[PDB]
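Both blocks below hold the same protein chain, though in two forms, and each is given as structure tokens: structure 1 and structure 2.
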Structure 1
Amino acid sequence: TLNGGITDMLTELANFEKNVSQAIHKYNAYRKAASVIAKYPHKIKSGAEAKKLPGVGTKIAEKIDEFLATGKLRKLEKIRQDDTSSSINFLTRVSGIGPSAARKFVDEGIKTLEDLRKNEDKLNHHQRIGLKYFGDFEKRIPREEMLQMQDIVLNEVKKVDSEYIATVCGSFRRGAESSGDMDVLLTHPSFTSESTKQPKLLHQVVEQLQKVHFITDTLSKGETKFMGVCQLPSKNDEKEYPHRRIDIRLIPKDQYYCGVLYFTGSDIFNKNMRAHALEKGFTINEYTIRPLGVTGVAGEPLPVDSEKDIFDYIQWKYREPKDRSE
């Protein structure tokens, strides 16, 4: 809230570039700016003051100038009244409709929740589930409920095979008091970078979670990654809990820390960490950290036995999950 007006403003423009301009690099640029301003511990008095931050430049500065003086932004007022823009922006709030489909729907006269709800035959499976649980997917998950979802998931995973480890990552592991969804990192000794000795390792976990009515829906599902919906059981004469987005990723056990670094986030922390490693001659994915030879070719994986080790290689002081939030 310190520069809340400013970071709200920038985030809105970020969402505009992504969903309407389909300009993914302007999106990121505005998000980087937002991020850096949020962490800045003085009430910003001018654009010039903000320009001294990395990722804030000439044009965001002018925008901050206009906002400080008048309390709003002309470019945004216009965007707020452009019907098309607002309609394309709204439809992307549905899980499974990105900038492209949203623009296609709006060209065909589909602009509202009602339009969607009586054109189910035009949506793919994912888009349909997102529509179905549209309101639920935008409620946040209190940490108390995340703690119950974690208990179910670990216990059921345990029940399929005691050798599995499941770790709830995302904002939950960063200690947040509320979460947007649930991210589960799954490992098992039969799946490593060198061999897959059992098949259905992810499937059997999903199947067990569906069997106890915890996973209610499936958005997509391959061998290593599941994306879907889950729900806590409710007691008698109570309202049902909202349905919730759940992601489960099966990662090679020997690449656990690159993996858990990756799903712990935040999204911008990773982007800033991958972007900083690139500048120091490495590349990081969910799997490995590798060096970069002059040609742009990735060297062979470096040894890693902790989250901390990854931070060393790119000359960063270890930051606890709590301190990786935006």
Structure 2
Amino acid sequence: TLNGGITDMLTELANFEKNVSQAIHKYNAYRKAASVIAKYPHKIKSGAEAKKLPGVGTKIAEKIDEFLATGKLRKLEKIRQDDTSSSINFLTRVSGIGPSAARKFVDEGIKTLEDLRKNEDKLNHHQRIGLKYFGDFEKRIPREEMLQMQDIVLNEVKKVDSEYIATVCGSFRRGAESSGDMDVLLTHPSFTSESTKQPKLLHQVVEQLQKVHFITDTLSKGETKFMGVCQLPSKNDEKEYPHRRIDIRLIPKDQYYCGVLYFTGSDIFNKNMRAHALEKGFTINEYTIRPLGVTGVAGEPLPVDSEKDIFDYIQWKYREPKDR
């Protein structure tokens, strides 16, 4: 795209701040500045020009000015040549290894995947799985597979109980050619916010999907949400499919469609819809949609039976998952 050099620089600076410096806000800033520049329909000639965009401040401008003039950034070259920084930045790619564990490993002389395999005793359950499917988790999922994966989930959910309502959200629901992982939202007439659940409602779906050898491993499981690994059935004639990340979140029926809206995305869209709601005098979150009183106090949660209901409440024209 236009200004591929500047965006890469910023995204590289962002990763450094998150993984090495452990400054989450600086990371979010550099990410913000990188995204707005990526959409920009020109080629930035000066830092003063880039500063006119929202999220680009004084310091990023003086960075853009340096990059365009010199070709490479003085700071990043210092980070690139640093053994500790680059090593810490690598390990954080492994699922279960955040900045904290990463630094702890590199300080103890563990820098590469070879070292992680050699020292599996020092890894937790999550990190072991993160290492096992390291390459597989960095592969994107083509829509062709996601469709085949969906059919298995929805049918196997139907196999346990007909009353279950399974909805695959994320990029896939917006109709993207490729998706990062599978994000499934589950609910049942039995489960609501007021009247609590008898457990083994999510479990039965997870236990069923394991029975048909779809779910391979488990990263985390509890009452509400589950996180683990799944694999499509080997065609036998062809080579086996790569392992994929799956998430199954069990949500109360009354606040399902409020959940479906939030987990459908995108971030920019939710941020714009939530911003408009405040202008119209309503407050929406992951869970519920509520009215803001005269004094600016949230009332009782309003009834919702679809996504349309939320769009109606804030007198907004219904947008299809394609245009999110």
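Note that the rigid core is defined as the largest set of C-alphas that superpose within 1.5 Å between two forms. Every residue number counts along structure 1's sequence, beginning with 1.
- The rigid-core alignment places the CA of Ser306 2 Å or more apart between structures 1 and 2.
- After superposing the rigid core, the C-alpha of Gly71 moves by 2 Å or more between structures 1 and 2.
- Comparing the forms between structures 1 and 2 on their rigid core, the Cα displacement of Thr112 stays under 2 Å.
- In the rigid-core superposition between structures 1 and 2, residue position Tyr27 carries a C-alpha shift of 1.1 Å.
- Relative to the superposed rigid core, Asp237 shifts its CA by 3.1 Å between structures 1 and 2.
- Comparing between structures 1 and 2 on a rigid core frame, one finds that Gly293 has its C-alpha moved by 8.7 Å.
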